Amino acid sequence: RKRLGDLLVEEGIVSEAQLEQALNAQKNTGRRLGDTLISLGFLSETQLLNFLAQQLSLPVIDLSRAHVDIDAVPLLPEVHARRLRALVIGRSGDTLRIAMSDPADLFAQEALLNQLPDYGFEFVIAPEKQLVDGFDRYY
C-alpha cells in the first residue's frame, strides 16, 4: 500500500516540504500523520477522510444519515466496539459491513478477526465523532 504522505504529495494536496515538516513534527509527538498535517494547517479533516479512503480503497460513509441495521450492531459487544472504534452496521449473508474511524489500525484489525470469526468483512470509514455518537445511539 502507498503511504499516506506520499499519496497526498502525488495528489497535490500537500507539498513535499509540508510533508517533511509534518514527518519531523510527528517524530516529536507520535500523533498520526494526517492529524499532524491538520494541526500544521496543511490538510483539512474532510480531505483526510477522503484520502484515507483512497489509500485503503474503502468507501467513506456519513453514519449520521446512514441506515444502520440494528440487529447487526449487537454482533460486536459494546465493550469491544468502543475499544476498537468499530461499529457493525450491516449483515448480508455472512458478510458484515463495519464502520471504523482508524481502519489502518493493524491491532484493531487483528482483534476484530478474533471477536467476529467466520464472517466476511466489508469496511467503510467514518469520522470518529460519528462512530462515538453511533455507540450511544445503537447500544
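Numbering starts at 1 and runs along the sequence shown.
A.B. asks: Please work out which of 41 to 49 and 110 to 118 has the higher mean CA B-factor as recorded in the PDB entry.
C.D. replies: Per the deposited B-factors, the answer is 110 to 118.
A.B. asks: What stretch has the higher average Cα B-factor here, 63 to 71 or 92 to 100?
C.D. replies: For C-alpha atoms only, the mean B-factor is higher in 63 to 71.
A.B. asks: Among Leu131, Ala25, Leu19, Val124, where is the Cα temperature factor highest, going by the PDB entry?
C.D. replies: It is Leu131.
A.B. asks: Using the temperature factors of the C-alpha atoms in this entry, rank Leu76 within its chain: lowest, middle or highest third.
C.D. replies: Middle third, going by the recorded CA B-factors of the chain.
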